[PDB]
Structure formats: structure tokens, C-alpha cells
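See below for the structure under consideration.
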Amino acid sequence: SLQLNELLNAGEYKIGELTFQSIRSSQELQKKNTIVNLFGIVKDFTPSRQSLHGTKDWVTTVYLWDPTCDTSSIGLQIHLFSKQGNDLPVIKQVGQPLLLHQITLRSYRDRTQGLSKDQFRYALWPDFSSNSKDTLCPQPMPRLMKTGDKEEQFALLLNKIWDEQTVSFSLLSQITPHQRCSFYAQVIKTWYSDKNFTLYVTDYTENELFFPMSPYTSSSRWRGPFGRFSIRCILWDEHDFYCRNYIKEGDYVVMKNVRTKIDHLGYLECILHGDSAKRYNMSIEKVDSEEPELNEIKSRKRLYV
DNA sequence: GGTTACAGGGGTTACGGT
Numbered sequence: 008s009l010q011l012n013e014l015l016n017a018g019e020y021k022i023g024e025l026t027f028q029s030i031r032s033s034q035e036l037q038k039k040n041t042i043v044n045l046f047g048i049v050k051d052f053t054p055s056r057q058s059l060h061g062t063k064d065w066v067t068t069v070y071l072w073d074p075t076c077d078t079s080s081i082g083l084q085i086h087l088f089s090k091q092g093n094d095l096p097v098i099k100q101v102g103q104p105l106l107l108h109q110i111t112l113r114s115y116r117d118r119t120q121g122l123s124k125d126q127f128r129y130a131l132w133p134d135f136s137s138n139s140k141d142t143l144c145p146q147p148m149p150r151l152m153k154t155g156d157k158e159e160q161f162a163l164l165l166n167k168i169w170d171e172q173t199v200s201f202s203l204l205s206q207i208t209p210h211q212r213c214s215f216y217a218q219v220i221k222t223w224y225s226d227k228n229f230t231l232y233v234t235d236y237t238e239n240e241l242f243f244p245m246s247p248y249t250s251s252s253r254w255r256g257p258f259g260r261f262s263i264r265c266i267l268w269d270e271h272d273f274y275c276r277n278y279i280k281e282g283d284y285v286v287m288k289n290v291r292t293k294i295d296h297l298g299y300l301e302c303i304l305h306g307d308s309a310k311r312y313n314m315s316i317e318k319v320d321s322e323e324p325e326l327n328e329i330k331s332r333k334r335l336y337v
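In full-length UniProt numbering, the protein residues as written are 8 to 173, 199 to 337.
Following this line, the structure appears as C-alpha cells:
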């Protein structure tokens, strides 16, 4: 179980006679497009179907996970393509181990993305942990690979590791552009508007890329903290409706799996986009004032009172 | 080398106090 971890945590590894990369590493935003070989498990998949525009290629889309990501993340987005016919992976159920030889990574919308090479191969195993015995179904020949002994071990582990496991919290000083992160914070300020909800929140730790709140402005109802101790969060859709008249100035919140972003004028922000498709599993929820996880915040607050 | 498939998806100036 650990021999798996050990190789993964390197970022790159090898089975049979070819070299893999882990998912987390691979999610690195590479500007230059490179040739990767992947192995993980299908946390989400679409049916193969012909695409309607351009070359109109056959296309299935999948999200490969491994232990270098948290159990919350679906993982790396990969679109597989076939110009030659419908020889794409026939995926039954989640938790199927999937190897993918000869995929490319390419960044888009500030998110690293898999795109398959024309001559891509794959190999696919069942969801061993399922009661159902038919979780693999027969696969199109053209793009298979006869997998060796070692990789079939790997497959049973990944399904096990996944099955058991189905977060990592930061201070606000520790968050950087374009990441998914989780944190406790107290609310300083809110602003509803027609089109969204906004929270200004803090854990009383300075982040370079936060706005510097002046003590010297006139007629501000912000009483503190001053400088770069507060992030703005923007809640869309369901997150708006739940918080708009629920979360209030001075509440202590815990926010899970939010996405960070630099706004137009160059300050780091939090976005919770609407997420109907149960994909990102982000949350924001009130925390009881006397909780032990909140006392590090309270203490820090004395130091800026 | 990266349309198709993505989606989603979007909002003034650190106040305004809606």
C-alpha cells in the first residue's frame, strides 16, 4: 500500500517498462504541452458519442484520480478522441482503474487539461470493490494494451485505496492564486446584490495578495482588521441563496474546497461557482463559537485589537 | 498539435450599508 504511495509522492514513477506521472503533479499548469502516460481511477466519465462540430471526432471525457489528490477532488480532466471510429474506453462504473498511454496536457481556463494523442492506447480494469461482478465490459480492440503482471497489482490497490477513502486546511496566509483550498475564518462584512453574495472574511493572518485596508479612510463601517488580513469571497447560485440571509457579520465559518482567483485589479479572491453537478463538493458552514478549531483565530484577534 | 468536448460561469472600486 505504501510502495504505491512512495513512487507516487515522487511525482513520476514506472511499471512494466514505461513511466507514469501522478495526477496531482500533472495538474501543474504547464504552459508548454508535453506527452504524458497516466494511471489512476475514473472518478467521473461521459458516454462516447460523435462530436457535432469540426472533425466531429468520437469523444468520451473522463476524470482520473489518484492518492496524490484529496478524496474531494475529481482529479484531472481528460478528453479522449477517435477520428478512426468508436474505439474509446467502454467505462461502466466509477472506481475502474484506467491506464492511458500517450496523452497530452494543455492548460485552458487556468485549469490543466488532458487531450489524447491520435495514436493513444489505454487499459481498463473493473471496480473490484463492487458487488456487481460485471463492472468491466468487453472493450474495442484497436487501442487496447496487454498489461503485464505488475500493473494489475497497481489496479487492485488503487481501487482499494479509493474505496476506503470514499481535507487539508490552510491559513489564509498560505493560499495562492489558482488553487482549491479549505479554511476557517471569521466574517467581517457582507454585501448582497441582485446577482451574487459577497463575504469579507479573515483568520487574522496577512496575505500579500489581499487588499490593504486603510485605517485612515473616512466614513467606513469596517472596524478591522487593517492591512492585508481579509479575503473577499464571491458566492454564486446555491451558495448565494443559502448564505444571503443566513451568514452574518461576525459569524465563524468553515469553507471547504473553494477556488482562489485574482480579480480584475489584482487582488486574490475566493469564488464558489454554482455546482449543480455535485462535482466539486465545496461547502461553507457556520461553526459554533466555542469550537476548539476556532481558538487559534480568537487568540490572533487579541493581537490586533 | 489541440475545434469537437468542456460548459457551467456571471460582478463597483475596499465603499456601498443597499
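Beta carbons: idealized from backbone N, C-alpha and C, even for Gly.
Check                                                                                                                                                                  : Outcome
Which residue comes first and which comes last in the beta strand (DSSP E) that contains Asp51?                                                                        : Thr41 to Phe52
With a cut-off of 8 Å, do at least 3 Cβ pairs link the region 324-333 to the region 293-307?                                                                           : no
Below 8 Å on the Cβ atoms is my guess for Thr222 versus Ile279; work out the distance and round it to an integer in Å.                                                 : 7 Å
If you draw a straight line from the alpha carbon of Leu267 to that of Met148, how long is it in whole angstroms?                                                      : 47 Å
Keeping to the same chain, check which residues put their C-beta closer than 7 Å to that of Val233; ignore five residues upstream and five downstream.                 : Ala217, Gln218, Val219, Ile220, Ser262, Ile263, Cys265 and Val285
When the Cα of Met152 is compared with those of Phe135, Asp117, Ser137 and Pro96, which residue comes out closest?                                                     : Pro96
With a threshold of 8 Å, are at least 3 pairs of Cβ atoms found where one atom belongs to the region 126-135 and the other to the region 53-72?                        : no
State yes or no: is the C-beta of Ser55 within less than 7 Å of the C-beta of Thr67?                                                                                   : yes
So for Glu238, helix, strand or coil by DSSP?                                                                                                                          : coil
Pull the bridge partners of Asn16 from the DSSP assignment, please.                                                                                                    : Answer by DSSP bridge pairing: none, since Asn16 is not bridged.
For a quick check, are the C-beta atoms of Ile22 and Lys157 less than 7 Å apart?                                                                                       : yes
What are the partner residues of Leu112, as DSSP defines its beta bridges?                                                                                             : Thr41 and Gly121
In whole angstroms, what is the alpha-carbon distance linking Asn239 and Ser205?                                                                                       : 5 Å
So, under 8 Å CB-CB, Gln37 and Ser114 are touching, yes? Tell me the CB distance rounded to an integer number of Å.                                                    : 7 Å
Using only the alpha-carbon positions, how far apart do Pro209 and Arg116 sit?                                                                                         : 13 Å
How would you label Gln91, buried or exposed, when you count the other beta carbons within 10 angstroms and need 16 or more for buried?                                : exposed
Thinking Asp51 and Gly102 are a contact (beta carbons under 8 Å), I'd like their distance in whole angstroms, please.                                                  : About 11 Å; that fails the 8 Å criterion.
Just to confirm my understanding: we take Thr111, look at its own chain, exclude 5 residues before and 5 after, and list those with CB closer than 8 Å. What are they? : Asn40, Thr41, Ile42, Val43, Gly121, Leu122, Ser123 and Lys124
Quick one: Cα of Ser202 to Cα of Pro145, how far?                                                                                                                      : 44 Å
Within the region 221-285, note down every full beta strand (DSSP E) run reaching 3 residues or more, in order along the chain.                                        : 228-234 and 263-267
Find the nearest neighbour of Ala17 within the set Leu163, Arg212, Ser32 and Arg311, judged by alpha-carbon distance.                                                  : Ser32
Between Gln57 and the rest of its own chain, which residues show a CB-CB distance below 7 Å, the 5 nearest in sequence each way excluded?                              : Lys63 and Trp65
Between which residues of its own chain and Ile303 is the CB-CB distance below 6 Å, once the five residues before and five after are set aside?                        : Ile266, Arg291 and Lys293
Using 8 Å for Cβ pairs, my map puts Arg212 next to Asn289. What's the rounded Cβ distance?                                                                             : 6 Å
Let me check one thing: in DSSP terms, what residues is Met287 bridge-paired to?                                                                                       : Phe215 and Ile316
When DSSP builds the beta bridges, which residues end up paired with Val66?                                                                                            : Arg56 and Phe88
Return helix, strand or coil for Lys310, following the three-state DSSP convention.                                                                                    : coil
Could you give the residue range of the beta strand (DSSP E) that holds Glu24?                                                                                         : Looking at the DSSP string, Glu24 is not in any beta strand (DSSP E), and its letter there is neither H nor E.
Go ahead and label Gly155 buried or exposed: buried means 16 or more other beta carbons lie within 10 angstroms of its beta carbon, across all protein chains shown.   : exposed
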